[PDB]
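Just work.cif here, mmCIF, C-alpha atoms and all ligand atoms:
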data_run
#
loop_
_atom_site.label_atom_id
_atom_site.label_comp_id
_atom_site.auth_asym_id
_atom_site.auth_seq_id
_atom_site.Cartn_x
_atom_site.Cartn_y
_atom_site.Cartn_z
CA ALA P 1 -54.80 51.97 -44.66
CA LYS P 2 -56.55 48.80 -45.77
CA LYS P 3 -54.93 47.60 -48.98
CA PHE P 4 -56.96 46.46 -51.98
CA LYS P 5 -58.13 42.95 -51.09
CA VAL P 6 -58.30 40.02 -53.53
CA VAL P 7 -59.85 36.68 -52.57
CA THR P 8 -59.18 33.64 -54.72
CA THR P 9 -60.87 30.27 -54.64
CA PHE P 10 -57.67 28.21 -54.26
CA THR P 11 -53.99 28.52 -53.61
CA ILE P 12 -52.44 28.35 -57.11
CA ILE P 13 -54.38 31.49 -58.16
CA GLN P 14 -53.54 33.18 -54.86
CA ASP P 15 -49.81 32.85 -55.51
CA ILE P 16 -49.98 33.95 -59.15
CA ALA P 17 -52.13 36.93 -58.20
CA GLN P 18 -49.92 37.89 -55.26
CA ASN P 19 -46.93 38.06 -57.60
CA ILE P 20 -48.82 40.51 -59.79
CA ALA P 21 -50.14 42.49 -56.82
CA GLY P 22 -46.75 42.85 -55.14
CA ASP P 23 -47.00 44.89 -51.95
CA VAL P 24 -49.90 46.97 -53.29
CA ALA P 25 -52.71 44.45 -52.62
CA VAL P 26 -53.32 41.51 -50.30
CA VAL P 27 -54.38 38.21 -51.89
CA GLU P 28 -55.93 35.39 -49.86
CA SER P 29 -57.24 31.94 -50.80
CA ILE P 30 -60.54 30.51 -49.60
CA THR P 31 -59.18 26.95 -49.55
CA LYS P 32 -56.18 26.11 -47.39
CA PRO P 33 -53.03 24.31 -48.53
CA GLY P 34 -53.76 20.60 -48.88
CA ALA P 35 -57.54 20.86 -49.12
CA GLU P 36 -59.41 19.21 -51.99
CA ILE P 37 -60.66 22.03 -54.21
CA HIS P 38 -63.16 20.50 -56.67
CA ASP P 39 -65.82 19.51 -54.11
CA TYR P 40 -64.79 21.85 -51.29
CA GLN P 41 -67.64 22.63 -48.87
CA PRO P 42 -67.69 26.37 -48.06
CA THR P 43 -68.30 27.52 -44.50
CA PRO P 44 -69.90 30.66 -43.05
CA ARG P 45 -66.43 32.10 -42.38
CA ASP P 46 -65.70 31.73 -46.12
CA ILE P 47 -68.72 33.88 -46.97
CA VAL P 48 -67.48 36.68 -44.69
CA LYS P 49 -63.98 36.38 -46.18
CA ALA P 50 -65.23 36.65 -49.78
CA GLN P 51 -67.62 39.46 -48.86
CA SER P 52 -64.65 41.43 -47.45
CA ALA P 53 -62.86 41.41 -50.81
CA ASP P 54 -62.66 44.11 -53.44
CA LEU P 55 -62.21 41.45 -56.13
CA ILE P 56 -62.77 37.69 -56.33
CA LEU P 57 -60.82 35.45 -58.72
CA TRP P 58 -61.79 31.91 -59.71
CA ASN P 59 -60.60 29.36 -62.25
CA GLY P 60 -63.80 28.54 -64.05
CA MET P 61 -63.81 25.59 -66.45
CA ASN P 62 -66.10 24.30 -63.66
CA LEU P 63 -63.11 23.55 -61.43
CA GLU P 64 -64.82 24.84 -58.29
CA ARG P 65 -68.09 22.91 -58.36
CA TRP P 66 -69.04 24.91 -55.27
CA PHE P 67 -68.26 28.43 -56.45
CA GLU P 68 -71.36 29.56 -58.32
CA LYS P 69 -73.71 28.58 -55.50
CA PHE P 70 -71.35 30.11 -52.93
CA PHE P 71 -71.07 33.35 -54.89
CA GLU P 72 -74.85 33.90 -54.77
CA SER P 73 -74.31 34.84 -51.10
CA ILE P 74 -71.77 37.58 -51.98
CA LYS P 75 -73.03 41.06 -52.86
CA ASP P 76 -71.35 43.94 -54.68
CA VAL P 77 -67.97 42.24 -55.17
CA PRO P 78 -66.74 41.92 -58.76
CA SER P 79 -65.33 38.62 -59.93
CA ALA P 80 -63.15 37.46 -62.81
CA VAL P 81 -62.62 34.03 -64.39
CA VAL P 82 -58.88 33.69 -64.77
CA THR P 83 -58.98 31.07 -67.56
CA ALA P 84 -60.66 33.40 -70.06
CA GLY P 85 -59.07 32.84 -73.45
CA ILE P 86 -57.64 29.38 -72.70
CA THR P 87 -58.69 26.58 -75.01
CA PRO P 88 -59.83 23.60 -72.91
CA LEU P 89 -58.70 20.05 -73.21
CA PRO P 90 -61.84 17.95 -72.69
CA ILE P 91 -62.18 15.23 -70.10
CA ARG P 92 -61.80 12.00 -72.05
CA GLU P 93 -63.78 9.40 -70.06
CA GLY P 94 -66.06 8.91 -67.06
CA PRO P 95 -69.20 10.71 -65.85
CA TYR P 96 -67.66 14.09 -66.80
CA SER P 97 -66.56 13.06 -70.30
CA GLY P 98 -66.65 16.08 -72.63
CA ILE P 99 -66.52 18.71 -69.87
CA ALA P 100 -63.42 20.92 -69.79
CA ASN P 101 -60.42 19.56 -67.93
CA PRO P 102 -59.99 22.50 -65.53
CA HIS P 103 -56.30 21.99 -64.69
CA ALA P 104 -55.12 24.51 -67.30
CA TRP P 105 -52.45 26.06 -65.04
CA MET P 106 -50.23 22.99 -65.40
CA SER P 107 -49.15 24.37 -68.78
CA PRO P 108 -46.72 27.27 -68.16
CA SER P 109 -47.75 28.76 -71.51
CA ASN P 110 -51.35 28.83 -70.20
CA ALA P 111 -50.06 30.45 -67.01
CA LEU P 112 -49.18 33.49 -69.13
CA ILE P 113 -52.88 33.80 -69.95
CA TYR P 114 -53.80 33.45 -66.26
CA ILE P 115 -51.33 36.25 -65.54
CA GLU P 116 -52.82 38.53 -68.21
CA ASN P 117 -56.38 37.95 -66.99
CA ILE P 118 -55.39 38.70 -63.39
CA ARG P 119 -53.45 41.81 -64.46
CA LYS P 120 -56.48 43.01 -66.43
CA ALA P 121 -58.83 42.55 -63.46
CA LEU P 122 -56.46 44.26 -61.01
CA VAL P 123 -55.97 47.26 -63.29
CA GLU P 124 -59.71 47.60 -63.94
CA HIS P 125 -60.82 47.41 -60.30
CA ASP P 126 -57.78 49.10 -58.65
CA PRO P 127 -56.70 51.69 -61.24
CA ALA P 128 -54.69 53.67 -58.67
CA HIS P 129 -52.03 50.93 -58.83
CA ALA P 130 -52.21 50.01 -62.54
CA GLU P 131 -48.56 51.02 -63.03
CA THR P 132 -47.45 48.50 -60.39
CA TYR P 133 -49.69 45.67 -61.60
CA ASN P 134 -48.45 46.13 -65.16
CA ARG P 135 -44.79 46.16 -64.12
CA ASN P 136 -45.21 43.16 -61.82
CA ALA P 137 -47.21 41.16 -64.37
CA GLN P 138 -44.62 41.56 -67.11
CA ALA P 139 -41.81 40.66 -64.71
CA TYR P 140 -43.63 37.56 -63.47
CA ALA P 141 -44.47 36.53 -67.04
CA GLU P 142 -40.77 36.60 -67.88
CA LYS P 143 -40.12 34.34 -64.87
CA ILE P 144 -42.66 31.81 -66.16
CA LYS P 145 -41.23 31.93 -69.69
CA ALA P 146 -37.79 31.14 -68.27
CA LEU P 147 -39.02 27.77 -66.97
CA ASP P 148 -39.48 26.19 -70.39
CA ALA P 149 -35.81 25.48 -71.17
CA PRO P 150 -34.90 23.90 -67.78
CA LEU P 151 -38.16 21.90 -67.58
CA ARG P 152 -37.65 20.34 -71.01
CA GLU P 153 -33.99 19.65 -70.23
CA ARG P 154 -34.94 17.97 -66.94
CA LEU P 155 -37.24 15.54 -68.79
CA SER P 156 -34.85 14.98 -71.71
CA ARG P 157 -33.45 11.66 -70.42
CA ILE P 158 -36.79 9.91 -71.11
CA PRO P 159 -37.21 8.69 -74.73
CA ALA P 160 -40.45 9.56 -76.47
CA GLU P 161 -42.05 6.13 -76.53
CA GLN P 162 -41.41 5.76 -72.75
CA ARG P 163 -42.95 9.15 -71.83
CA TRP P 164 -45.98 7.75 -69.99
CA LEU P 165 -47.30 9.81 -67.07
CA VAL P 166 -49.40 7.59 -64.79
CA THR P 167 -51.11 9.56 -62.03
CA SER P 168 -54.19 9.26 -59.83
CA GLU P 169 -56.31 12.21 -60.91
CA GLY P 170 -56.03 12.91 -64.63
CA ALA P 171 -54.94 16.41 -63.66
CA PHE P 172 -51.83 16.66 -65.84
CA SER P 173 -53.30 16.67 -69.35
CA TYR P 174 -52.07 20.20 -70.07
CA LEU P 175 -48.55 19.49 -68.79
CA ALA P 176 -48.45 16.17 -70.65
CA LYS P 177 -49.43 17.88 -73.91
CA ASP P 178 -46.73 20.56 -73.47
CA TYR P 179 -43.93 18.07 -72.81
CA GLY P 180 -44.99 15.14 -74.99
CA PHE P 181 -46.19 12.61 -72.40
CA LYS P 182 -49.01 10.15 -72.85
CA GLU P 183 -51.32 10.28 -69.85
CA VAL P 184 -52.83 7.42 -67.85
CA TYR P 185 -54.88 8.00 -64.72
CA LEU P 186 -56.92 6.18 -62.09
CA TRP P 187 -59.80 8.67 -62.35
CA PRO P 188 -60.32 11.45 -64.88
CA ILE P 189 -61.31 14.23 -62.44
CA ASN P 190 -61.79 14.39 -58.67
CA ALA P 191 -65.41 13.64 -57.71
CA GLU P 192 -67.55 11.24 -55.76
CA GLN P 193 -67.65 8.58 -58.44
CA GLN P 194 -67.80 4.93 -59.37
CA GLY P 195 -65.53 3.01 -61.68
CA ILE P 196 -62.25 3.62 -59.83
CA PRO P 197 -61.57 -0.04 -58.83
CA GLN P 198 -62.10 -1.20 -62.43
CA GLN P 199 -59.98 1.59 -63.93
CA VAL P 200 -57.23 0.39 -61.57
CA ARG P 201 -57.30 -2.91 -63.45
CA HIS P 202 -57.20 -1.17 -66.84
CA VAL P 203 -54.25 1.01 -65.77
CA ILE P 204 -52.66 -2.23 -64.60
CA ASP P 205 -53.01 -3.63 -68.13
CA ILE P 206 -51.42 -0.51 -69.63
CA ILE P 207 -48.46 -0.62 -67.23
CA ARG P 208 -47.67 -4.18 -68.37
CA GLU P 209 -48.12 -3.63 -72.10
CA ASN P 210 -45.84 -0.57 -72.08
CA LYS P 211 -43.29 -1.42 -69.33
CA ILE P 212 -44.12 1.80 -67.47
CA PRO P 213 -41.66 2.11 -64.55
CA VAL P 214 -43.40 4.57 -62.21
CA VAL P 215 -46.83 5.77 -61.04
CA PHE P 216 -47.75 8.81 -58.93
CA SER P 217 -50.36 10.31 -56.61
CA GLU P 218 -51.20 13.95 -55.85
CA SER P 219 -51.07 16.14 -52.77
CA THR P 220 -54.81 16.63 -52.13
CA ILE P 221 -55.96 13.02 -52.63
CA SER P 222 -55.22 9.58 -51.18
CA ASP P 223 -52.02 7.78 -52.19
CA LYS P 224 -53.53 4.35 -51.59
CA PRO P 225 -54.79 3.56 -55.15
CA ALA P 226 -51.47 4.51 -56.77
CA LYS P 227 -49.59 2.51 -54.14
CA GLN P 228 -51.81 -0.49 -54.89
CA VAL P 229 -51.12 -0.17 -58.63
CA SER P 230 -47.41 -0.14 -57.84
CA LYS P 231 -47.67 -3.33 -55.78
CA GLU P 232 -49.75 -5.03 -58.50
CA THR P 233 -47.21 -4.07 -61.20
CA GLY P 234 -43.47 -3.80 -61.57
CA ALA P 235 -43.73 -0.01 -61.40
CA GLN P 236 -42.38 1.94 -58.45
CA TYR P 237 -44.49 4.43 -56.52
CA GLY P 238 -42.83 7.68 -57.58
CA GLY P 239 -44.31 9.87 -54.88
CA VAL P 240 -46.54 12.91 -54.57
CA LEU P 241 -47.07 15.36 -57.43
CA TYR P 242 -48.51 18.82 -56.83
CA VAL P 243 -51.35 20.19 -58.98
CA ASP P 244 -54.45 21.27 -57.04
CA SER P 245 -52.73 22.93 -54.09
CA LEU P 246 -49.56 24.52 -52.91
CA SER P 247 -47.98 23.40 -49.67
CA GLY P 248 -47.67 25.57 -46.60
CA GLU P 249 -45.33 28.52 -46.90
CA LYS P 250 -42.53 26.55 -45.23
CA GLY P 251 -43.32 23.37 -47.19
CA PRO P 252 -41.69 22.01 -50.35
CA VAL P 253 -44.12 23.70 -52.77
CA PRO P 254 -44.84 27.23 -51.48
CA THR P 255 -45.26 28.91 -54.89
CA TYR P 256 -46.70 28.22 -58.33
CA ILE P 257 -43.19 28.16 -59.81
CA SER P 258 -42.12 25.61 -57.20
CA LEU P 259 -45.21 23.52 -58.00
CA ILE P 260 -44.34 23.23 -61.69
CA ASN P 261 -40.69 22.60 -60.94
CA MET P 262 -41.25 20.00 -58.22
CA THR P 263 -43.85 18.12 -60.24
CA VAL P 264 -41.52 17.88 -63.25
CA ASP P 265 -38.53 17.09 -61.04
CA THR P 266 -40.47 14.30 -59.33
CA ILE P 267 -41.60 12.81 -62.64
CA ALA P 268 -38.02 12.95 -63.94
CA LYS P 269 -36.47 11.21 -60.95
CA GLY P 270 -39.21 8.56 -61.08
CA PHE P 271 -37.62 7.47 -64.34
ZN ZN Q 301 -57.82 18.29 -59.59
#
Represent the structure from my file as structure tokens, please.
Ligand SMILES: [Zn+2]
Amino acid sequence: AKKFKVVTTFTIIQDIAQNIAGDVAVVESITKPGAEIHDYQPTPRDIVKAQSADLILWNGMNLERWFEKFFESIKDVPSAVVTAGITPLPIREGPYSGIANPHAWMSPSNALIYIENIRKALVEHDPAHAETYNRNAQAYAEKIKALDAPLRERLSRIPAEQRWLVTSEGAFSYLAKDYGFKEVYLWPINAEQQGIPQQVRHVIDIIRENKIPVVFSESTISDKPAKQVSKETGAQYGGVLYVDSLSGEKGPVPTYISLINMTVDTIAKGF
């Protein structure tokens, strides 16, 4: 009858977990494709959705500023933090300086740890299907491992001293570390915050000093600040990167694998 039901906070975790669950469990996201996830405002329908689950998965590293308060309304549903075991990169400036940068899934090596944590939770809370979760998790892990060679090759035309990744949210720190990019951003983490107009001027200074050719925005936030930086510098506006959300299932970024690939492909063509 009713399959084992997993509810995740946002769409990246939904897609990773659905690959591990296969056709044995149904995984749904609370947030919809395109919605801003850090300061999402949960609704009554979200409470009912989470309460209907057999297992709830969230990122932790205080990504979902809303989750802990929201979860107080949910009874008798186990939960698992899918970043357990990942070493955080700290936020480097701003009102959240020192807090973990939550965007750990942008490193495919970290995604292997996400996969293991989700496998572990599925096997613990749905032991009847442990054989399928284990098989699916190892197969999906191999798919993630296979991305490393083509991703590095795609970015190989960019010499080291020109590998500057200028985005809007500083959401790419884990990807930048993996592939040897220096990061510049218009704000360190999504939030209601001050200091964005001034940081735009500082980013402007860095674009000049380093001859950076391209700047980007992201799919759940406004492209206006990055477009302004591009007009106030030589740099081109390189388009929309994906980090905090997948697209719709018919969109360009329907899966976690497509998110990593499209983000790297878009950076590469921006150079
Ligand atoms: Zn973000």
12 Å from ligand ZN 301 (chain Q) is the threshold here; counting all atoms listed in the file, which polymer residues fall inside it? Answer as a short mmCIF file (atom, residue, chain, number, x, y, z; two decimals) with C-alpha atoms, keeping the file's coordinate frame.
data_model
loop_
_atom_site.label_atom_id
_atom_site.label_comp_id
_atom_site.auth_asym_id
_atom_site.auth_seq_id
_atom_site.Cartn_x
_atom_site.Cartn_y
_atom_site.Cartn_z
CA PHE P 10 -57.67 28.21 -54.26
CA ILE P 12 -52.44 28.35 -57.11
CA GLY P 34 -53.76 20.60 -48.88
CA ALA P 35 -57.54 20.86 -49.12
CA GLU P 36 -59.41 19.21 -51.99
CA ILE P 37 -60.66 22.03 -54.21
CA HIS P 38 -63.16 20.50 -56.67
CA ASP P 39 -65.82 19.51 -54.11
CA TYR P 40 -64.79 21.85 -51.29
CA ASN P 59 -60.60 29.36 -62.25
CA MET P 61 -63.81 25.59 -66.45
CA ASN P 62 -66.10 24.30 -63.66
CA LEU P 63 -63.11 23.55 -61.43
CA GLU P 64 -64.82 24.84 -58.29
CA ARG P 65 -68.09 22.91 -58.36
CA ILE P 91 -62.18 15.23 -70.10
CA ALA P 100 -63.42 20.92 -69.79
CA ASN P 101 -60.42 19.56 -67.93
CA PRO P 102 -59.99 22.50 -65.53
CA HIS P 103 -56.30 21.99 -64.69
CA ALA P 104 -55.12 24.51 -67.30
CA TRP P 105 -52.45 26.06 -65.04
CA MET P 106 -50.23 22.99 -65.40
CA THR P 167 -51.11 9.56 -62.03
CA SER P 168 -54.19 9.26 -59.83
CA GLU P 169 -56.31 12.21 -60.91
CA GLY P 170 -56.03 12.91 -64.63
CA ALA P 171 -54.94 16.41 -63.66
CA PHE P 172 -51.83 16.66 -65.84
CA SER P 173 -53.30 16.67 -69.35
CA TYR P 185 -54.88 8.00 -64.72
CA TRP P 187 -59.80 8.67 -62.35
CA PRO P 188 -60.32 11.45 -64.88
CA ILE P 189 -61.31 14.23 -62.44
CA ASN P 190 -61.79 14.39 -58.67
CA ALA P 191 -65.41 13.64 -57.71
CA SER P 217 -50.36 10.31 -56.61
CA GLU P 218 -51.20 13.95 -55.85
CA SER P 219 -51.07 16.14 -52.77
CA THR P 220 -54.81 16.63 -52.13
CA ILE P 221 -55.96 13.02 -52.63
CA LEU P 241 -47.07 15.36 -57.43
CA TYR P 242 -48.51 18.82 -56.83
CA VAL P 243 -51.35 20.19 -58.98
CA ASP P 244 -54.45 21.27 -57.04
CA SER P 245 -52.73 22.93 -54.09
#
>> At a cut-off of 9 Å, using only C-alpha atoms, what residues contact residue 115 (chain P)? Leave out same-chain residues fewer than 6 positions from it and give the result as number ranges by chain.
In response: P: 16-17, 20, 82, 137-138, 140-141
Can you spit out the residues from that selection as an mmCIF file, in the coordinates of the input, using C-alpha atoms?
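Printed below is selection-v8.cif as written:
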data_model
loop_
_atom_site.group_PDB
_atom_site.id
_atom_site.type_symbol
_atom_site.label_atom_id
_atom_site.label_comp_id
_atom_site.auth_asym_id
_atom_site.auth_seq_id
_atom_site.Cartn_x
_atom_site.Cartn_y
_atom_site.Cartn_z
ATOM 1 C CA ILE P 16 -49.980 33.950 -59.150
ATOM 2 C CA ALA P 17 -52.130 36.930 -58.200
ATOM 3 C CA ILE P 20 -48.820 40.510 -59.790
ATOM 4 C CA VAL P 82 -58.880 33.690 -64.770
ATOM 5 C CA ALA P 137 -47.210 41.160 -64.370
ATOM 6 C CA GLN P 138 -44.620 41.560 -67.110
ATOM 7 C CA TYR P 140 -43.630 37.560 -63.470
ATOM 8 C CA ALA P 141 -44.470 36.530 -67.040
#
> Restricting the calculation to all atoms listed in the file, which member of P:109, P:8, P:87, P:255 is positioned closest to residue 71 (chain P)?
Replying inline: P:8
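Compared by their closest atoms to residue 81 (chain P), and using all atoms listed in the file, the residues P:132, P:9, P:15, P:123 rank with P:9 nearest.
We find CA of residue 134 (chain P) and CA of residue 152 (chain P) to be spaced 28.6 Å apart.
As for CA of residue 183 (chain P) and CA of residue 111 (chain P), they are spaced 20.4 Å apart.
Here CA of residue 58 (chain P) and CA of residue 150 (chain P) stand 29.2 Å from one another.
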I'd like the contact shell of residue 208 (chain P) - 9 Å cut-off, all atoms listed in the file, skipping same-chain residues fewer than 4 positions apart - returned as a compact mmCIF listing (two decimals) with C-alpha atoms, keeping the file's coordinate frame.
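Result file out_0.txt:
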# COMPACT_ATOMS: atom_id res chain seq x y z
CA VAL P 203 -54.25 1.01 -65.77
CA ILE P 204 -52.66 -2.23 -64.60
CA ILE P 212 -44.12 1.80 -67.47
CA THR P 233 -47.21 -4.07 -61.20
CA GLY P 234 -43.47 -3.80 -61.57
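Nearest-residue note for residue 6 (chain P): choosing from P:43, P:33, P:60, P:51, the minimum distance belongs to P:51, counting all atoms listed in the file.
Near residue 164 (chain P), within 6 Å and counting all atoms listed in the file, sit residues 162, 181, 182 and 183 of chain P, not including residues fewer than 2 positions from it in the same chain.
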> Can you tell me, as number ranges by chain, what residues are no more than 12 Å from residue 157 (chain P) when counting all atoms listed in the file, ignoring any on the same chain fewer than 6 positions away?
Replying inline: P: 151, 163, 265, 267-271
> What's the 10 Å shell around residue 85 (chain P), counting all atoms listed in the file, without same-chain residues fewer than 6 positions away, as a ChimeraX atom specification?
Replying inline: /P:110,113-114,116-117
> Which residue, P:258, P:228, P:52, P:83, has the smallest gap to residue 186 (chain P) when you use only C-alpha atoms?
Replying inline: P:228
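Each of P:260, P:176, P:80, P:166 was checked against residue 225 (chain P) using all atoms listed in the file; the smallest atom-to-atom distance is that of P:166.
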> In file coordinates, which residues lie within 12 Å of (-51.3, 50.3, -57.5) using all atoms listed in the file, given as a PyMOL selection string?
Replying inline: chain P and resi 3-5+20-26+119+122-136
Save out the residues we just selected, C-alpha atoms, as a CSV table (one decimal), in the coordinates of the input.
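Ended up saving to again.csv:
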chain,number,residue,atom,x,y,z
P,3,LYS,CA,-54.9,47.6,-49.0
P,4,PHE,CA,-57.0,46.5,-52.0
P,5,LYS,CA,-58.1,43.0,-51.1
P,20,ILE,CA,-48.8,40.5,-59.8
P,21,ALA,CA,-50.1,42.5,-56.8
P,22,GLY,CA,-46.8,42.8,-55.1
P,23,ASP,CA,-47.0,44.9,-52.0
P,24,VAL,CA,-49.9,47.0,-53.3
P,25,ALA,CA,-52.7,44.4,-52.6
P,26,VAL,CA,-53.3,41.5,-50.3
P,119,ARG,CA,-53.4,41.8,-64.5
P,122,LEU,CA,-56.5,44.3,-61.0
P,123,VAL,CA,-56.0,47.3,-63.3
P,124,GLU,CA,-59.7,47.6,-63.9
P,125,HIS,CA,-60.8,47.4,-60.3
P,126,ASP,CA,-57.8,49.1,-58.6
P,127,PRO,CA,-56.7,51.7,-61.2
P,128,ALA,CA,-54.7,53.7,-58.7
P,129,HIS,CA,-52.0,50.9,-58.8
P,130,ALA,CA,-52.2,50.0,-62.5
P,131,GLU,CA,-48.6,51.0,-63.0
P,132,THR,CA,-47.4,48.5,-60.4
P,133,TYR,CA,-49.7,45.7,-61.6
P,134,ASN,CA,-48.4,46.1,-65.2
P,135,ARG,CA,-44.8,46.2,-64.1
P,136,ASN,CA,-45.2,43.2,-61.8
